[PDB]
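Let me begin by presenting the structure, written as structure tokens, before commenting on it.
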Amino acid sequence: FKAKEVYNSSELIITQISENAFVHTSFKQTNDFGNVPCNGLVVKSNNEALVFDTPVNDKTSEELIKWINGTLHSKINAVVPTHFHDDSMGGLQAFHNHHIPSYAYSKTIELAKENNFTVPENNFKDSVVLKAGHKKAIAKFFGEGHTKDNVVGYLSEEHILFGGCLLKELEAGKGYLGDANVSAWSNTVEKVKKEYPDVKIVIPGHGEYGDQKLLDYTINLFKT
Ligand SMILES: [Cl-]
Ligand SMILES: [Zn+2]
Ligand SMILES: [Zn+2]
């Protein structure tokens with residue numbers, strides 16, 4: 001499947017990557033890395049949708065929600081911020097304003113509270129299986145890396161791994177390490193690689209998606 005841009009408002013870009021899945025990209029202004037693109041994932045089936053990661057703020061989250069409802073004609077069954085930083089969770093309040101349930105790893109909820117961020121509603125201690133139509137997606141904690149709380153999402157039918165910020169794009173630098181566990185990062189991603197051996201598409205938290213090579217690249221980037 002050839003990636004196709006299907007929406008571009010400059011603040012929000014949506015790229016179709018399978019018959020049923022889309023990457024949403026929003027932008028966070030930074031001091032150390034300029035204007036940073038930030039990825040999430042939308043899966044649709046039977047006029048229902050799952051969303052991994054909020055766009056970076058409420059405004060673009062409202063924009064994404066309006067597009068899923070109004071153009072994909074789909075209700076959003078759940079949103080999963082894959083870690084507590086704003087480029088996965090910064091627009092969580094917009095989702096709660098639409099009464100969309102949020103699911104997150106226990107540590108994401110702990111760190112949201114510690115930082116006085118919007119708090120995901122439904123705690124999972126290891127993994128949770130979420131449904132859109134007949135499709136099942138797994139959100140799962142494999143270990144620490146980019147943060148102590150980072151989780152991935154996996155769509156088994158389409159073999160799509162949303163790696164979140166635990167996964168780097170090919171040739172990426174190490175990025176922001178303030179909250180990272182660099183002693184665990186490679187081991188964590190090695191466990192991801194072994195659990196999803198049929199993976200066809202890997203989406204990083206920032207930059208260009210790819211295939212299984214992004215796991216290998218990330219594993220080696222952080223080998224100590
Ligand atoms: Cl980063
Ligand atoms: Zn982050
Ligand atoms: Zn990130």
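Residues in the structure tokens are named by chain (A, B, ... in the order shown) and by number from 1 within that chain; ligands are numbered from 1 in the order shown.
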
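Within the 7 Å cut-off around residue 14 (chain A), using only C-alpha atoms and omitting residues fewer than 6 positions from it on the same chain, the listed residues are residues 5, 6, 7, 8, 22, 23, 24 and 25 of chain A.
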
May I have the residues from that selection written out with C-alpha atoms, as a compact mmCIF listing (two decimals), in the first residue's frame?
# COMPACT_ATOMS: atom_id res chain seq x y z
CA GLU A 5 -1.86 12.20 1.88
CA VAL A 6 -5.63 12.52 2.34
CA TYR A 7 -5.82 15.64 4.55
CA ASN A 8 -3.52 18.63 4.98
CA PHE A 22 -4.08 6.50 8.77
CA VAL A 23 -1.15 8.30 10.34
CA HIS A 24 -2.06 11.68 11.82
CA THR A 25 0.76 14.21 12.03

For the interface of region 150-216 of chain A with region 96-113 of chain A (cut-off 12 Å, counting only C-alpha atoms), please tabulate each contacting residue of region 150-216 of chain A alongside its nearest pair of atoms and their separation in Å to one decimal, rows sorted by chain and increasing number, as CSV.
residue,atom,partner,partner_atom,distance
A:150,CA,A:108,CA,7.5
A:151,CA,A:105,CA,7.1
A:152,CA,A:105,CA,10.2
A:153,CA,A:104,CA,11.1
A:179,CA,A:111,CA,10.7

Contacts with ligand 2 at most 10 Å, only C-alpha atoms and all ligand atoms counted, listed as a list in words: residues 38, 82, 83, 84, 85, 86, 87, 88, 89, 146, 147, 149, 150, 164, 165, 166, 175, 176, 177, 178, 179, 180, 205 and 206 of chain A

Polymer residues at most 7 Å from residue 54 (chain A), only C-alpha atoms, same-chain spacing of 3 or more positions, as a list in words: residues 40, 61, 81, 88, 89, 90, 91 and 92 of chain A

Close residues, residue 167 (chain A) itself excluded, 8 Å, only C-alpha atoms, min 2 positions apart in chain, as number ranges by chain: A: 163-165, 169, 189, 203-205, 214-215, 218

Let me see the file: selected residues, C-alpha atoms, as a CSV table (one decimal), in the first residue's frame.
chain,number,residue,atom,x,y,z
A,163,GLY,CA,5.8,2.3,18.0
A,164,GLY,CA,5.2,5.7,19.4
A,165,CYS,CA,8.3,7.6,20.7
A,169,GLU,CA,12.7,6.7,12.2
A,189,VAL,CA,12.5,-2.8,21.6
A,203,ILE,CA,5.3,3.9,12.8
A,204,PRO,CA,7.7,6.0,14.9
A,205,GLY,CA,6.6,8.9,17.1
A,214,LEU,CA,12.9,0.7,12.3
A,215,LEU,CA,13.0,-1.8,15.1
A,218,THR,CA,16.2,1.8,17.2
